[PDB]
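Structure first, commentary second.
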Amino acid sequence: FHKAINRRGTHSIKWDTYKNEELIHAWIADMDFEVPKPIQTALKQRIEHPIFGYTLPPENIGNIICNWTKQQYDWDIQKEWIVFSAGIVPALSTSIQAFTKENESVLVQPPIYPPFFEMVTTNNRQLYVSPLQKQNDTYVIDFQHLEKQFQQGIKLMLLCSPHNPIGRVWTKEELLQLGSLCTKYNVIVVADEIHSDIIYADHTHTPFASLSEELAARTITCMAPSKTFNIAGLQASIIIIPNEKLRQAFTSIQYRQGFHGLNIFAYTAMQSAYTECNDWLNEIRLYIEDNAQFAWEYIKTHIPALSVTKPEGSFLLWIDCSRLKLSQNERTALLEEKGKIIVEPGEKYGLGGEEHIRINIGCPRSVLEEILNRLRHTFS
Amino acid sequence: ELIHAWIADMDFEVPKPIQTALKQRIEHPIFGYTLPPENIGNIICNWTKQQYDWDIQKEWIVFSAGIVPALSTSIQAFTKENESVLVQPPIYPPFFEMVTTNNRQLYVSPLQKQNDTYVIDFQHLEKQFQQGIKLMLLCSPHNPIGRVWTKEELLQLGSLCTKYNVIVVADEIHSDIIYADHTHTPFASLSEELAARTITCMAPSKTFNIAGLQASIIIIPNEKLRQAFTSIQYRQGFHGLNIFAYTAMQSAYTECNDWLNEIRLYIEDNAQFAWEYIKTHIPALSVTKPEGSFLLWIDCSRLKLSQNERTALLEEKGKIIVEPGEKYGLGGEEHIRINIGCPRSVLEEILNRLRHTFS
Ligand SMILES: Cc1ncc(COP(=O)(O)O)c(C=O)c1O
Ligand SMILES: Cc1ncc(COP(=O)(O)O)c(C=O)c1O
């Protein structure tokens, strides 16, 4: 992970959307790390059988996924709970159409990954928010506010765990308190756990559906190798739905939308990601966590005008620019014109995103060093 | 062992340039979020000119991860719940499924078998249109009968769609496998008026045996129809194609013209061979003469077997599973479809097993 690899001219959204060669790109959430070599090998092998017609899932894929949830989170699942989706944003949309009617209520907790909002409002459901509470280097759930929203008749809650963009890995105690509110008010939960496998040394990912049979009965769990293994462009996702009635409604929507399984390389890459890549995974968790610690230290020492939220997992870094007292336009201009860095503006993540930025730390230390140098320069 | 003649794809190796472009992309060992290839609009514009003499704009092109999703998106974009969608059986069963699973009303205008071909019944179709059809699904070339519609047939269809204000989804997935005596005419190519009411679904999937990579192109000249379609895609969470769909598409539509010319000759020779073999050795069957694709539609009605007796006889006595016709709707009863997109040796084996089955 130490050596920079050129992504210019690979049709990378991150690196090939802006033509200006002096810009460094740390916005969209993929990594400037090479994929594990066993995934490259598995792909090379499949290309050596030069027919690419309709394919079913590999015969062992269910067992591979069952062993993955058991190994990673000590979660025992059934093969029949597994549904595929070509990405997690489609699974959010499928869930909204499956478990709510038009003008019924869906709750999210900003600041949040923007398709959480967009998929609710574009499907003509009513959007409710329970904004997270900034507290120190971190964020908590305001359970009193959330309960007040649940009392208004919420059908569905989209949970982000770990939460993009702030990097919170929810504790077992936080998820149980959430779980008891979902039971109390009979709320169905979509648990977007796409960030579940990049977790820092002092934290543990608890699948919400793993806490009890009661919570398994009411939860749609969204996972993937996309973020973990930098294969998002292959569109491989896994939806785990323990409740046969919820699973039948979900797969009904997929069916009426003409969905009939993943592309060939999604299955090939997922098969390798979840069997042959454990060492690469251990090493990238250590590398990314050290990157997060270096970034927090660098900003604390050299850009005291900024406040960092300490991430507990994933490779995204959430930064409060409040005390610079800049307009979004003025701050973006400085970053682009003076910094020459492209980072995510926080205002797109809804309430709590005002005057924040999100920088991608899923890159070699030497690149992160340059990003942080340019960030210091930008606000000097 | 069992031959699987029901499969929807060819048993031929992908053209080498597609294998080469794939191997080349895997040299760059990052598989993150990706843009369509920069030149892709120009490559597609050039394809539709090279192949069909059809002039398109770049702005008309939308991507879809398959044609059945494009059928579903079109039904959701252009009709409301409880509005009527028309198909022409016998037809690819997903044509029906995408209407009924979306709570639209199914109408049918069954095609009429004549000699060893089929025609549209324009008198019947017009009577269905008079009942207020919103959307028609046109299959061109038509699976499973292999009809390549003539410009004159499409123009007669077009006058009706103009007269009753019917929006057309043209499923043109089989558009590149056309036999020597025929030409594919995209319905949207016929005039500005018909371009303005048509969604055209094309793909390299069937042509180049890369259906597993899920690359499709949807061409929507009418800006308001195009925006309605992409709005459905957006609310379903679709962004674009997977990396290898783009890689394989770029190459299929630029570097494989000699492979395509050659496959067209081989499949038509297979079609002619199958035709003669069945005429000579199995006179209990009648066969529709295909003009395109790699599917053969066989009438088994003179044998007077139930679907179950026929299917059993084929699997037991023939060690072959075919596509059964009944699920294709009216005109599919006591028919089978067999895939002839295979090496001649496989097809000769397939035909021996049919002859032995219905001996
Ligand atoms: C929380 C969350 N959900 C879903 C997604 C979508 O991922 P994909 O496009 O790989 O399915 C992302 C990607 O950034 C994400 O961070
Ligand atoms: C007419 C027609 N449309 C569509 C398809 C396949 O659609 P998709 O691209 O969703 O696999 C086929 C393949 O059998 C076909 O014959």
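What you see below is based on every heavy atom in this structure, not just the backbone, and it leaves out hydrogens, waters and symmetry mates. Every chain is numbered from 1 and lettered A, B, ... according to where its sequence line falls, protein lines coming before strand lines.
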#### Entry: chain A contact via B/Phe208 - which portion, at a heavy-atom distance below 4.5 Å
neither
#### Entry: Segment of A/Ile231 engaging chain B (4.5 angstrom heavy-atom cut-off)
both
### Task
Using only heavy-atom distances, determine whether the side chains of B/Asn103 and A/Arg256 contain a donor-acceptor pair under 3.5 Å.
no
### Task
Please determine, among B/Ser231, B/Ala211, B/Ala65, the option with the most heavy-atom pairs under 4.5 Å with chain A.
B/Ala211
### Message
Looking at B/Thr230 and B/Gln227, would you say the former's side chain and the latter's main chain have a donor-acceptor pair under 3.5 Å?
### Response
yes
### Query
Under 6.0 Å from the CG atom of A/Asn20, do we count more than 12 heavy atoms belonging to anything else shown?
yes
### Message
Is B/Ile18 close to chain A through its backbone or its side chain, or both, or neither, when contacts mean heavy atoms under 4.5 Å?
### Response
neither
### Message
Side chains of A/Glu276 and A/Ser272 only: does a donor on one sit below 3.5 Å from an acceptor on the other?
### Response
yes
### Query
Where the side chain of B/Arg226 meets the backbone of B/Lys224, is there a donor-acceptor pair that is under 3.5 Å apart?
no
#### Entry: Exam field: side chain B/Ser205 to backbone B/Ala215, donor-acceptor pair closer than 3.5 Å
yes
### Query
Between B/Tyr246 and B/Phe63, does the ring centre distance come in under 6.0 Å?
yes
#### Entry: Contact class of A/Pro115 relative to chain B, heavy atoms under 4.5 angstrom
neither
### Expected output: side-chain B/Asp9 to main-chain B/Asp11 donor-acceptor under 3.5 Å
no
### Message
At a heavy-atom distance under 4.5 Å, which candidate from B/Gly32, B/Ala70, B/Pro36 has the highest pair count against chain A?
### Response
B/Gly32
### Query
Looking at A/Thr55, A/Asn123, A/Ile51, which one has more heavy-atom pairs under 4.5 Å with chain B than the rest?
A/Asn123
### Message
Under 4.5 Å from any heavy atom of chain B, what part of A/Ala266 do you find: side chain, backbone, both or neither?
### Response
neither
### Query
Taking the six-membered ring for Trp, are the ring centroids of B/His239 and B/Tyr234 within less than 6.0 Å of each other?
no
### Message
Is it the case that the side chain of B/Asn270 and the backbone of B/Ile340 share a donor-acceptor pair, with hydrogens and angles ignored and the cut-off at 3.5 Å?
### Response
yes
### Message
Need one label for A/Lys227: side chain, backbone, both or neither, based on atoms under 4.5 Å from any heavy atom in chain B.
### Response
side chain
#### Entry: Per-residue contact mode, A/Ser85 against chain B (heavy atom under 4.5 angstrom)
neither
### Task
State whether a side-chain donor-acceptor pair under 3.5 Å links B/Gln214 with B/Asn242.
no
### Query
Is there a donor-acceptor pair closer than 3.5 Å between any side-chain N or O of B/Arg337 and the backbone N or O of B/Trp6?
yes
### Query
Looking at A/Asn360 and A/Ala29, what are the two nearest heavy atoms and their distance?
ND2-CA, 3.7 Å
### Task
With a 4.5 Å cut-off on heavy-atom pairs, point out which of B/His28, B/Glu97, B/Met98, B/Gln19 contacts chain A the most.
B/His28
### Message
Between A/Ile88 and chain B, with a heavy-atom cut-off of 4.5 Å, which part of the residue counts as in contact: side chain, backbone, both or neither?
### Response
neither
### Query
In terms of heavy-atom pairs under 4.5 Å with chain B, which of A/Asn230, A/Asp16, A/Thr17, A/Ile253 leads?
A/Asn230
### Task
Taking heavy atoms only and a threshold strictly under 4.5 Å, list by residue number the residues of residues 72-84 of chain B that touch chain A; give 'none' if the list is empty.
B/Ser72, B/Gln76
### Query
In terms of heavy-atom pairs under 4.5 Å with chain A, which of B/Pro37, B/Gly237, B/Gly240, B/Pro15 leads?
B/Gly237
### A/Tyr287/A/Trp280 aromatic ring centres below 6.0 Å
no
### Query
Under a 4.5 Å heavy-atom cut-off, does chain A meet the side chain of B/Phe244, its backbone, both or neither?
side chain
### Task
Tell me, out of A/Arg7, A/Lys14, A/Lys44, who's got the most heavy-atom pairs with chain B below 4.5 Å.
A/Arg7
